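> first piece of the complex, coordinates kept as in the full assembly:
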Amino acid sequence: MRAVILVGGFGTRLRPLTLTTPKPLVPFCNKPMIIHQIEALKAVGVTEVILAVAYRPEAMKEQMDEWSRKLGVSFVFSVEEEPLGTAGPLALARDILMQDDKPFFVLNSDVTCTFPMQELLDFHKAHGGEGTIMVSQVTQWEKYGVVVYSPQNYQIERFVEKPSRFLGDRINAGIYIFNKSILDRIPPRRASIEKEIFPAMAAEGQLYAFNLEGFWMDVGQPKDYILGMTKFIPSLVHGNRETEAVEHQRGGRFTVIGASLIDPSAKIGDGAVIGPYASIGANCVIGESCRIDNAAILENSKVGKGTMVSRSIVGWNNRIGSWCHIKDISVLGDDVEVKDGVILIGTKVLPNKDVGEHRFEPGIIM
């Protein structure tokens, strides 16, 4: 069995972080998103993964995916292309897929969940896609805007965008499984699986929905990134080596208020308070009395004593001041440096900036 992960795309919603690295390689918790998906696929038994590489063809994706040496898995890297939409990469990779009898997986690099992959053995009952349109129950389906009408027969009647009537609560989950015959349907041009191939499959009656019992989150947005991290860390606390604690004696003496993920190589202050559902990257340095409430600290980032970053994302090589407050949903770029006492209330800072002014309202720092 083999999988195809759509690793292209410009990462527009995660823009301050995706101006440096592609969206699949943006670290979620303490690993890249695509790495979580590849680990799930390896747990399945999948050995071949095909990456649809359009954004950063060789500068980032090929070089940074040295994880092929680990994980006992190999990536094809034969879908280098110009932007071909969401469905075109499958048409391009038709040749490398060989049109074998065995079906193949399809995944997006923006989804996190328990990854129930027993949809391989299940849902083989005469489906063009064996429960391919995987769906999750979300009470906020109106703003998500992709509602899938799945009856008890699981035959997709239609796809509705922003439905006024309560047709259903299930929304697309971004995980698919296709028989290779679909390669005939996909044209060799720019197309979207969501808005071109899927309506045709639903009309033809070959599209079947698979329900998702566990948690699910599309983390392609900073708000969704934070909330999905909150949902995800409790699942992964016992999985990894990172009382009411996960890493309580890494550096000096500091307090942990709940689940978190602190890398072994990170030094965590003295008396700091690593809050619930917080991620600290490798080689990161945390000040004495910091408050890492719901923030993600990525790679070689340094945070000064007394800083309080909550529900915010800081970049890879930041140098945060001492007594700062980075609140709300604030995203910092690759090399942003913040002076002491600066308050950023949900402001997105582009890479390689220096912040020295208080920003009390959401905005963008060019």
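Now that the structure is in, tell me what you want to look at. Numbering: from 1, shown residues only, chains lettered A, B, ... in the order given.
> so what's residue A:290 closest to, chain neighbours aside?
Leaving aside its sequence neighbours, residue A:290 sits nearest to residue A:272 (Cβ to Cβ, 6 or more residues apart in numbering; 4.5 Å). Heads up, the C-betas are built off the backbone N, CA and C, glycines and all.
> check contacts around residue A:293.
Residues counted as contacts of residue A:293 (Cβ atoms under 8 Å, 6 or more residues apart in numbering) are A:275-276, A:278, A:308-311.
> let's go with 7 Å and repeat that
A:275, A:278, A:310-311 (Cβ atoms under 7 Å, 6 or more residues apart in numbering).
> and it, how far from residue A:156?
Distance, residue A:293 to residue A:156, by Cβ to Cβ, to the nearest Å: 41 Å.
> just the helices in the stretch 101-250 of chain A please.
Along the stretch 101-250 of chain A, the segments classed as helices by DSSP state H, counting those that start in this stretch run A:141-144, A:182-185, A:198-204, A:222-236.
> dump those helices to TSV, plus distance to residue A:302 and mean neighbour count.
Shown next, in TSV, are the helices of the stretch 101-250 of chain A (distance: least, Cβ to Cβ, whole Å; neighbours: other Cβ atoms under 10 Å):
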stretch	distance to residue A:302	mean neighbour count
helix A:141-144	36	14
helix A:182-185	49	17
helix A:198-204	46	16
helix A:222-236	21	19
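> quick revisit: could you identify which of the contacts of residue A:293 has the most neighbours?
Within those, most neighbours by other Cβ atoms under 10 Å means residue A:278, with 28 neighbours.
> beta-bridge partners for that one, please?
Counting by DSSP bridges, residue A:278 is bridged to residue A:260.
> is it true that it touches residue A:295?
Yes - using Cβ atoms under 7 Å, residue A:278 makes contact with residue A:295 at a distance of 6.0 Å.
> what's the overlap in contacts for these two?
Counting by Cβ under 7 Å, 6+ apart, residue A:278 and residue A:295 have no common neighbour.
> next, the spatially closest residue to residue A:323 that is not a sequence neighbour: phi, psi?
Nearest residue to residue A:323, sequence neighbours excluded (Cβ to Cβ, 6+ apart): residue A:306, at 4.4 Å. In terms of degrees, to the nearest 10, the main-chain angles of residue A:306 are phi 90, psi -10.
> mind checking how far residue A:306 is from residue A:332?
18 Å.
> check the gap between residue A:307 and residue A:323 for me.
As judged by Cβ to Cβ, residue A:307 and residue A:323 stand 7 Å apart.
> again but with residue A:273, I slipped
For residue A:273, the distance to residue A:323 - Cβ to Cβ - is 15 Å.
> between residue A:306 and residue A:332, which one's more packed in?
With neighbours defined as other Cβ under 10 Å, residue A:306 and residue A:332 compare such that residue A:332 has more, 30 against 19.
> which one of the contacts of residue A:293 sits closest to residue A:47?
Nearest to residue A:47 among the contacts of residue A:293 is residue A:278, at 34.6 Å by Cβ to Cβ.
> ok, now chain B:
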Amino acid sequence: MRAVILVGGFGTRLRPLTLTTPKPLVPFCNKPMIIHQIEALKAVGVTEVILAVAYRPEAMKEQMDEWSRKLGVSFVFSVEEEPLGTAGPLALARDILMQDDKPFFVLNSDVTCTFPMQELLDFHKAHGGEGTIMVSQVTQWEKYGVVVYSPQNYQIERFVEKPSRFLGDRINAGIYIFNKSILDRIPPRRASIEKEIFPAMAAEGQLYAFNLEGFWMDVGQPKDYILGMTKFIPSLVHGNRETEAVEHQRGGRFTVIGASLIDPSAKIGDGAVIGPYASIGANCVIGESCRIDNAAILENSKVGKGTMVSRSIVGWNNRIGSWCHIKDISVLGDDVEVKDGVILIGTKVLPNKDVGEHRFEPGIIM
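Putting chain B onto the chains we already have gives this:
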């Protein structure tokens, strides 16, 4: 020789702090303002001080002035009255002053300076007031609005409020010395020495100005309070017992960036940074990594770890949160409690309040 200190007044400009204690008893640095003035007068040799008490007749001024037991000085406390303006208390205290031959001092409880009181022996050269209208050079005389025209003869021509032309830079310093004959000029009614008696003396030619070489500040306003504290602390560091530090090993280990005043009974953190020109009151508790930049911490106030209060005044029995900012010119009342993470940018909080909302603009919390 005796002095009279105008200790009445409602303290309107220092309102958040003067709703609990009178303006003379508001602690400046680590002592009441009137205590600084009385110490200066005792250094001169004045043994009798007459306090014109109108605001809080006996609830505050009489009880709290147990300093008469110390300092080797005695207060008459015979000018309890209804509001009689700035000049009326002298008419009321005419009798207790006994109309003796020896001149008498007059002071306001709002002025801080080096207190050059050699104007006693000096300026006796045929003056109704021996350099009574003491003046200080201020480059911002427009906003101060009380400009004294002092020529080389020192005869006050007139008083001008907000003068358009550059008549002069000297302004009233709030310290006067009077021959007792002035008791005949002051009528027994509500009057103002600044706007009724002093223009009359200037017209009569019996009003003489005394120049002030040293620093001076009227600290009746919170901004003026902070700036006068900044000017004053360096003079007082060597005077009192409170490298580049004044009190550097009081509690645990902490850093001092300049002049400060930390009471012996205050416990100061374990990594805190007591900044330049900061005052910490008695029995105060400071958190592990606080930052007291230019703030005055009064009495039994507790500050949590990571809090940064700069250029702000906290009340007597406050309980500040852990990771708060109290920035700009912010004044807190007697018993204000601030929750963790709250940011107060120059907001005045009335006594006995609880603050749990961020305030990014100057304002008043009722």
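> again for the contacts of residue A:293, chain B present now?
The neighbours of residue A:293, taking Cβ atoms under 7 Å, 6 or more residues apart in numbering or on different chains as the test, are A:275, A:278, A:310-311.
> do residue A:205 as well
By Cβ under 7 Å, 6+ apart, the residues touching residue A:205 are residue A:155.
> residue in the stretch 101-250 of chain A nearest to chain B?
residue A:226 (16.6 Å; Cβ to the nearest Cβ).
> which residue sits closest to that residue, ignoring its sequence neighbours?
Of all residues not flanking residue A:226 in the chain, residue A:311 sits nearest, at 5.2 Å (Cβ to Cβ, 6 or more residues apart in numbering or on different chains).
> is residue A:3 in a helix, a strand, or coil?
strand (DSSP: H, G, I helix; E, B strand; the rest coil).
> quick one: the residue of the stretch 101-250 of chain A closest to chain B from residue A:278, how far?
10 Å.
> wait, the residue of the stretch 101-250 of chain A closest to chain B sits on residue A:309?
No - applying Cβ under 7 Å, one finds residue A:226 not in contact with residue A:309, separated by 11.4 Å.
> any idea what residue A:113 is bridged to?
residue A:216.
> wait, what's in contact with it?
A:212, A:214-216.
> so which of the residues you listed wins on neighbours?
Most neighbours among the contacts of residue A:113, by other Cβ atoms under 10 Å in any protein chain shown: residue A:216, with 23 neighbours.
> next, the distance between the ends of stretch A:164-172.
End-to-end span of stretch A:164-172 (Cα to Cα, to the nearest Å): 18 Å.
> now it: how far from the chain's centre is it?
Here stretch A:164-172 is found 23 Å from its chain centre; the criterion is Cα atoms, centre = their mean, to the nearest Å.
> could you do stretch A:209-216 as well?
With Cα atoms, centre = their mean, you get 17 Å for stretch A:209-216.
> if we look at it, which residues are touching it?
Stretch A:209-216 is contacted by residues A:111, A:113-114, A:116, A:119, A:123, A:131, A:133-136, A:148, A:150, A:154, A:156, A:170, A:173, A:231 when judged by Cβ under 7 Å, 6+ apart.
> of these, select the buried ones using a ChimeraX command.
To isolate the buried members of the contacts of stretch A:209-216 in ChimeraX, using 16 or more other Cβ atoms under 10 Å in any protein chain shown:
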select /A:111,113,116,119,123,131,133,134,135,136,148,150,154,156,170,173,231
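> so which of the contacts of stretch A:209-216 belong to strands?
Among these, the members found in strands (DSSP state E) are A:111, A:113, A:133-136, A:148, A:170.
> report the buried residues of the helix or strand containing residue A:41.
Using DSSP states H and E, residue A:41 sits within helix A:33-44. Buried positions in helix A:33-44, judged by neighbour count with 16+ other Cβ under 10 Å: A:33-41.
> now for residue A:226 and residue A:278: what residues contact both?
Joint contacts of residue A:226 and residue A:278 (Cβ under 7 Å, 6+ apart) are residue A:294.
> list the contacts of the one residue in chain A that gets nearest to chain B.
The minimum distance from chain A to chain B, using Cβ to the nearest Cβ, falls at residue A:289 (3.6 Å). Residues in contact with residue A:289 (Cβ under 7 Å, 6+ apart) are A:269, A:271-272, A:305-306, B:271, B:288-289, B:305-306.
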